[PDB]
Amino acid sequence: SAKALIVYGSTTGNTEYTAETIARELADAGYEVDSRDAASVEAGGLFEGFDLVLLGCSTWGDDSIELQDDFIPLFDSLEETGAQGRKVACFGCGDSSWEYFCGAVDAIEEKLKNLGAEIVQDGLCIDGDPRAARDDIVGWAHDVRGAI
């Protein structure tokens, strides 16, 4: 079967829950899903062997757009991950009280495109408690699968 990698940076658990929800959706559809906390990964060759890569990251920063801390090293070395020609999609939790709502997702997408990835679906941005967005999360995973 096709193999999917999900890597998530999450501090309060929201993007982690989102990743777990996406993983079950893909696994139910027949994907072999490898889900990893970004804190545990190294960037070099990270995407090797994977037909689909899903990257999740929350947004931070006192008065700038900053990526979740565990994701920053992966972003900083994203050019070594094997993203060229890779089918990728991005997701993240945020808070719409911030103007740059899920700004980290946008930043990861833009760099992926420079690096030659194929963005298979527009990034998923979740407001507030992601358990109150379960339908949106499952639907997005479904749409990602249908777009590859």
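From 1 onward, residues are counted along the sequence shown.
The PDB entry records a higher mean C-alpha B factor for 128-136 than for its counterpart among 18-26 and 128-136. The question of which stretch, 51-59 or 99-107, has the higher mean Cα B factor is settled in favour of 99-107. For residue 121, the recorded CA temperature factor ranks within the highest third of the chain's modelled residues. Among all modelled residues in this chain, the alpha-carbon of residue 69 has a temperature factor (C-alpha) in the lowest third. When all modelled residues of the chain are sorted by CA temperature factor, residue 93 is found within the lowest third. Per the PDB record, residue ranking by Cα B-factor puts residue 41 in the lowest third of the chain.
In the deposited entry, the Cα temperature factor of residue 141 sits in the middle third of values across the chain's modelled residues.
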